């Protein structure tokens, strides 16, 4: 029942001389889409303040991935893709399960063929309705790679992969601005979830994303060491120039809003308020302004290269197999 904070990685004898030797890119072949990936498998979350086109343009320079948020117009996507043809390779267009979500997704994918990834995202990936929607999307777009979540346990990972998803998004409640655990009491320790779900997915030649709960580069490295193919970040990418969220300067200091997608703040913006039978399951915070995201990416990547050197991993694909966790 482990969280990131409960472990450390044991160092091991290595032949690496310098952190600059470490290759942080991965190559994957996806189970169902049959497409191939090559890049640095860290993903900007599809939160409205994080999965922005400005984030994408910077993350592209480092070969990182963006799951674009679901609140841009087709026109905005077309403007982005026209101005940034070389950044469409590691983007996913996102959708929930509504008719309207699906139709807007379609419009994007039809108009911008270079977008080859789909991020299907719900709070509760255990619903049969969600499973059925994944099948539906696989059938409509057989050659796109599908990321689907969220879940925390292997039976659901398997069902979702067998239903047509390529990459399962793992995590219920670990997120920095999530309040699901406080409102519902439901969840799973994130490191344990990653280990269980990685094993399940990899038994089927599928993949996973560790989604949420990382607050330092060491956490990112732990999720990878536990078998995550990709790691998705919200909070660590919030608060930058390139992030969304209002910039607030008060009492001589600068902040940016950062908020859960099921916070009252988000529901006020996009659902016309909070439905009577719902409770909010995210919160709002004000993040001290961090400046340009490039400096944060370099810190994260720098940390992970260090991790690899300490365990003797010359390439990110070696990190999990050379990871021995010490309980602390």
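Numbering follows the first chain given and starts at 1.
Mean CA temperature factor is higher for 98-106 when stretches 98-106 and 129-137 are set side by side in the entry.
Taking only CA atoms, the mean B-factor in the PDB entry is higher for 270-278 than for the other of 270-278 and 295-303. Among the modelled residues of its chain, residue 86 has a C-alpha B-factor that falls in the highest third according to the deposited record. When all modelled residues of the chain are sorted by CA temperature factor, residue 315 is found within the middle third.
The deposited CA B-factor of residue 164 belongs to the lowest third of values across its chain. Annotation for residue 215: CA B-factor lies in the middle third of the chain's modelled residues. Residue-level temperature factors show residue 154 in the middle third of its chain, judged at the C-alpha atom.
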